Structure formats: C-alpha cells, structure tokens
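Keeping their order, the protein sequence lines are chains A and B.
Under the working numbering, think of the first position of the first sequence as 1, with each following residue one higher.
Under the working numbering, think of the first position of the second sequence as 215, with each following residue one higher.
The C-beta atom is built at its ideal place from N, Cα and C for all residues, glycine as well.
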Amino acid sequence: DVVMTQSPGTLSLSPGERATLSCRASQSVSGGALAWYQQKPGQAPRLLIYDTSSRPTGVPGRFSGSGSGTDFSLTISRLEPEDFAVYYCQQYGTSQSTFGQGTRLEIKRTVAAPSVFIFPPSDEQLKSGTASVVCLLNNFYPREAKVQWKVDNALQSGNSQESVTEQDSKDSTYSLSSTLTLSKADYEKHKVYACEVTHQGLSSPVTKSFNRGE
Amino acid sequence: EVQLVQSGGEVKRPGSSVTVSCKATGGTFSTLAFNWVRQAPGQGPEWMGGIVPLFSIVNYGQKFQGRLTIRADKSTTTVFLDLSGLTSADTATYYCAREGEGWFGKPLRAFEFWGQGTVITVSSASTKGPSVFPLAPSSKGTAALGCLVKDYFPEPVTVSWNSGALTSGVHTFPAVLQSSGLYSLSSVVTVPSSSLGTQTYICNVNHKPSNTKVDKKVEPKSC
C-alpha cells in the first residue's frame with residue numbers, strides 16, 4: 001500500500017507570493033503517475049497536474065509540477081485569491097491508487113488573539129436534563145488554538161466537541177466554538193466552570209469562568 | 215463539454231444497501247475508466263473502485279471487495295455504485311470521476327472530470343427538529359451573544375439574525391455530530407455592548423426536513 005505524505009500540513013502564505021507544496025511516496029512511483037488536485041469547501045476536487053508535470057486544458061499556467069521517483073512538488077508562481085484551498089497529491093502507478101492527507105493553503109495575516117466568551121447553560125435547557133456550556137473564541141489568527149475546560153479545577157476530557165469556521169473572506173481570521181456537555185445532575189454537583197484558551201496571540205492563557213447559579 | 219450528473223442524496227439505515235448513479239454526457243464513455251471516490255466529513259478523498267464500460271472490466275479497492283459493485287450502461291452512458299452492509303463509517307459524499315484523455319486520446323488514469331457528488335448519511339435517527347437555546351450576553355466594548363441549535367437530524371439547519379437584517383459579525387459554526395446521532399451547532403454574533411439595552415436580537419432557525427422554524431429572542435440574563 002503506497003503511502004503518500006504531504007508537507008507541510010498547513011501552508012500559510014501571502015496573496016501574490018510563490019507557493020511550493022511537497023509530496024513524498026513511501027516507494028518509487030511507477031511511470032511518473034503522480035497527480036495534484038485542488039479542493040474548495042463543498043466542491044469536488046479539481047485536477048491541476050497529471051503525470052508529474054502535465055497541465056490539463058483550462059488549468060492556469062501559474063500551476064506547475066515537478067519530481068520523479070519518491071519526491072514531487074507543486075508550484076504556484078503567484079497566489080491569486082482563488083488559490084487558497086486544500087491540495088492533495090495522488091499516486092496511481094499501482095492498481096490501488098492512494099491520496100495524500102492534504103495541505104491546507106491559507107492566507108497569512110497579522111497575529112490576532114481571540115476574544116473569548118463563556119456561556120452558561122440556559123435555565124430552559126437545564127429542564128431537559130442536559131447542560132451545554134459554550135466557549136467562543138472570536139476572530140483569531142493563526143488557526144491553531146487550545147481550549148481546555150476545567151470544572152472545579154478538574155481538567156475535562158472526552159465530554160467536549162468543537163468546530164471552526166472557514167477563514168473569513170474579509171479579515172482572514174478564524175472563530176471557534178467548543179461545547180462542554182454534562183448531565184444536569186453532574187452540572188449541579190460543581191461550582192466553577194472555566195474555559196482556558198492558549199493561542200500565539202495571547203501572552204499567557206486567558207480563562208473565562210462563571211459560578212453556577214450566580 | 216463532459217458533464218457527470220449524479221443521483222440525489224439520501225439517508226440510509228445501517229445494514230441497508232445504497233445505489234448511486236452517474237449520468238455522463240459529452241465525452242468518451244466506454245473506453246475510459248469511471249471511478250467512485252468518497253469523502254467523509256472532515257476527511258480526505260478515498261478511491262473505492264472503477265469500471266471501464268466497454269466490457270465492464272472492474273477494479274475494486276481491497277477494503278470494499280464483497281460489498282461494492284460497479285456497473286455501467288453503454289446505451290444510457292450511466293455508471294452505478296452499489297454498496298451493501300452500510301454502517302456509519304460509510305457516511306460520506308460519493309463522487310463519480312472519469313479519467314482524462316491525453317495525447318490522441320491516451321487514457322491518463324488521473325481523475326479529470328467529476329460529478330457533483332451524492333451525500334449519503336447512514337444513521338438510525340429519525341427526522342427531528344432542533345431545540346434552540348440562548349447564549350446570553352455576559353453582564354460583565356463588544357459583547358457576544360448567540361443561539362445553540364441542538365439535537366436535530368438530518369442536516370442542515372440555517373440560521374439568520376433579525377430576519378436577515380443583521381449579518382456583520384455573525385459566525386454560524388459547522389455542525390457537530392453528537393454521540394446520540396443528532397447534530398448540534400451554534401450561531402453567534404458580536405455587537406456593541408451599548409446596544410444590549412436598546413437593540414432586540416432574534417435568531418431565526420430553520421430546519422426544513424422537520425418543517426420547523428424557531429425565532430428565539432436572545433437577551434441579557436436578568437439579575
């Protein structure tokens with residue numbers, strides 16, 4: 001099973017800059033059978049390069065591919081706004097083709113620390129028998145952020161989920177929402193609910209908290 | 215131009231089989247490979263198998279052998295995927311993709327033409343509208359407020375604020391699938407703290423599969 005490993009996981013670059021994306025195969029790719037695809041949210045992938053270096057009709061000339069053996073590259077000579085997307089390589093030299101895990105190519109902008117907000121569960125929801133506690137991280141960059149939930153000083157694990165917006169089309173930031181879900185009985189057993197946020201734009205972690213029932 | 219047009223999305227129960235069709239028009243059909251590729255939410259594409267229609271030579275990914283069938287009709291230029299024994303690991307968008315043609319028609323193997331995708335969700339859940347709970351603005355500049363849209367099935371829900379009048383600063387997050395099999399999402403907006411006493415904020419939630427509309431007023435919590 002040929003394994004395709006792409007680098008970097010996230011490539012952060014400026015509009016108009018040159019971009020170089022890498023792919024490495026765990027064994028030599030037969031007949032230069034290496035393709036690159038671009039994918040935008042909600043759309044099918046689009047073939048940019050096939051057989052290592054050939055462009056299909058309709059693909060702009062700023063895209064080029066090179067490589068041989070186990071190491072391949074996709075180069076974008078200058079990044080137009082439409083080129084920020086996820087890119088996958090694919091080997092198809094064997095009878096079981098495989099894709100790499102993708103490189104997210106996103107817009108680099110000035111570091112922005114998140115604004116952090118914590119929301120207690122509504123009294124209405126508590127009647128359903130469940131408590132959702134929400135932490136919002138608003139308009140931050142870069143995308144990497146760490147959110148830890150602490151209940152009466154105990155780090156929570158296994159009982160939260162999060163999701164992240166697409167990079168904002170006007171300001172190039174991200175936002176993130178993390179939800180801690182507890183039974184009502186567990187929620188009323190504890191007092192202090194806190195979300196602790198670590199991010200490159202914060203000089204030390206930010207904690208937002210509330211005391212149940214106050 | 216080559217167009218690949220797929221059949222519609224569906225919810226399927228665990229243990230069932232699903233058939234997806236792909237009508238290919240405008241280009242070579244029988245002597246090129248059509249492939250099925252799927253992509254689960256948040257994951258990369260995965261090739262499943264392919265067919266060359268002329269004599270229906272097929273190639274199936276090893277992990278799908280026994281559950282996957284690929285077929286083709288040459289008179290109606292349509293390819294089919296049949297996938298049996300469905301489980302939640304089969305929830306994905308399924309695409310048909312045709313190989314490109316190169317120098318004097320040479321098959322390129324790379325996937326040049328793609329269908330629009332068919333969204334298949336494998337679940338035992340019944341259609342269910344969301345509850346809507348407020349994310350109330352803190353008493354303790356800029357304030358954040360929102361709505362938590364919880365426990366619905368299937369996707370999607372849409373959220374607007376003040377009937378569309380408020381769009382600046384809104385973030386409506388991707389849904390998460392909870393361990394109960396129901397989805398949940400939040401929608402938030404940041405606004406001037408000075409507006410909290412004078413401006414009404416209402417989130418308008420629509421879940422078309424259950425014909426549910428909810429308008430929830432979100433206000434600072436009293437006391």
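So the candidates are the options; which of them puts its Cα closest to the Cα of residue i?
i                 : options                                : result
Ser353 of chain B : A:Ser157, A:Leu79, A:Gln148, A:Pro120  : A:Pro120
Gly100 of chain A : A:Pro56, A:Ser203, A:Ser209, A:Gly9    : A:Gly9
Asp1 of chain A   : A:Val111, A:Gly213, A:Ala185, A:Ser26  : A:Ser26
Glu144 of chain A : A:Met4, A:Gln38, A:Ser7, A:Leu11       : A:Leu11
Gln217 of chain B : B:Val232, B:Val225, B:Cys417, B:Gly240 : B:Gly240
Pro351 of chain B : A:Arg62, A:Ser122, A:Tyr37             : A:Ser122
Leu349 of chain B : B:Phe367, B:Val402, B:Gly275           : B:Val402
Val111 of chain A : A:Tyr37, A:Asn139, A:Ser183            : A:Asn139
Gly129 of chain A : A:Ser209, A:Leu48, A:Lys184            : A:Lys184
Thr283 of chain B : B:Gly319, B:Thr291, B:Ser231, B:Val428 : B:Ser231
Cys135 of chain A : A:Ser203, A:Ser163, A:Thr52            : A:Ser163
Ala357 of chain B : A:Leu137, A:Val147, A:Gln148           : A:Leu137
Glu315 of chain B : B:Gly222, B:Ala389, B:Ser221, B:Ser244 : B:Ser244
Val419 of chain B : B:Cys361, B:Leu380, B:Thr290, B:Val333 : B:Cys361
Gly319 of chain B : B:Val266, B:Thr242, B:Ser409           : B:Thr242
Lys146 of chain A : A:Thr98, A:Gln200, A:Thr165, A:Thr57   : A:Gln200
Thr94 of chain A  : A:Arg104, A:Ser169, A:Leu34            : A:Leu34
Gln167 of chain A : B:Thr386, B:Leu380, B:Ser377           : B:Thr386
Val219 of chain B : B:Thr291, B:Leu246, B:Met262           : B:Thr291
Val266 of chain B : B:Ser408, B:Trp250, B:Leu380           : B:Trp250
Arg46 of chain A  : B:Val384, B:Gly331, B:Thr426           : B:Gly331
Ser377 of chain B : B:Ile416, B:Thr412, B:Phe294, B:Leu396 : B:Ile416
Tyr174 of chain A : A:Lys108, A:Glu188, A:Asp152           : A:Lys108
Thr75 of chain A  : A:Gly69, A:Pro81, A:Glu82, A:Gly65     : A:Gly65
Using a cut-off of 7 Å between C-beta atoms, extract the partners of residue i located in chain A.
i                 : result
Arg323 of chain B : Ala33, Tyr92
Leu362 of chain B : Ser132, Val134
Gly258 of chain B : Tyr88, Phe99, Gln101, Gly102
For residue i and residue j, which I take to be in contact (beta-carbon distance under 8 Å), what is that distance rounded to the nearest angstrom?
i                 : j                 : result
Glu17 of chain A  : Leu79 of chain A  : 5 Å
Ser22 of chain A  : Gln6 of chain A   : 7 Å
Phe72 of chain A  : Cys89 of chain A  : 6 Å
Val272 of chain B : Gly280 of chain B : The pair is not a contact, with the Cβ atoms about 13 Å apart (cut-off 8 Å).
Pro368 of chain B : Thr335 of chain B : 6 Å
Nearest chain D C-beta to residue i closer than 8 Å, yes or no?
i                 : result
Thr179 of chain A : In summary, chain D is missing from the structure at hand, where the protein chains are A and B.
For residue i, go through chain A and note every residue whose CB falls closer than 9 Å to its CB, in chain order.
i                 : result
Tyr415 of chain B : Simply none; closest approach about 14 Å.
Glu433 of chain B : The contacting residues do not exist; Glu433 of chain B stays about 11 Å from chain A at best.
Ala350 of chain B : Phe119, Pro120, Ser122
Using a Cβ cut-off of 8 Å, pull out every chain A residue sitting near residue i, in sequence order please.
i                 : result
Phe318 of chain B : Per Cβ cutoff of 8 Å: no residues; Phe318 of chain B is ~14 Å from chain A at best.
Give the DSSP bridge partners of residue i, in chain order.
i                      : result
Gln257 of chain B      : Note: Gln257 of chain B sits in no beta bridge, so no partner.
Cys135 of chain A      : A:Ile118, A:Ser178
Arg285 of chain B      : B:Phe294
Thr245 of chain B      : The partner list for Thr245 of chain B (beta bridge, DSSP) is empty, contrary to what the question assumes.
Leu11 of chain A       : A:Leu105
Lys184 of chain A      : DSSP lists no partner for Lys184 of chain A.
residue 241 of chain A : Absent from the model: residue 241 of chain A. The displayed extent of chain A is 1 to 214, so no value can be given.
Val266 of chain B      : B:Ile271
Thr332 of chain B      : B:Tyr308
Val147 of chain A      : A:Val197
Is residue i near the ligand NAP - that is, is its Cβ less than 7 Å away from at least one heavy atom of it?
i                : result
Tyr50 of chain A : Looking for the ligand NAP in the displayed structure turns up nothing, as the structure carries no ligands at all.
Since residue i meets chain B, which of its residues come closer than 9 Å, beta carbon to beta carbon?
i                 : result
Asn138 of chain A : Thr356, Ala358, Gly383, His385, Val402, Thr404
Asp51 of chain A  : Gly316, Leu322, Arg323, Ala324
How would you list, in chain order, the residues of chain B whose beta-carbon sits under 7 Å from the beta-carbon of residue i?
i                 : result
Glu124 of chain A : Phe347
Taking the runs of the beta strand (DSSP E) that are 3 residues or longer, which of them lie wholly in the stretch 296 to 330 of chain B? The DSSP assignment places complete beta strand (DSSP E) segments of no fewer than 3 residues inside the stretch 296 to 330 of chain B at 306 to 315, 321 to 328, in order along the chain.
Where in the stretch 341 to 425 of chain B do unbroken runs of the beta strand (DSSP E), each at least 3 residues long, occur, reported from the N-terminal end onward? Listed in chain order, the complete beta strand (DSSP E) runs (minimum 3 residues) inside the stretch 341 to 425 of chain B are 345 to 349, 356 to 366, 372 to 375, 384 to 386, 397 to 406, 416 to 421.
At which residue ranges does the stretch 20 to 74 of chain A contain complete beta strand (DSSP E) runs of 3 or more residues, listed in the order of the chain? DSSP runs (the beta strand (DSSP E)) wholly in the stretch 20 to 74 of chain A: 34 to 39, 46 to 49, 63 to 68.
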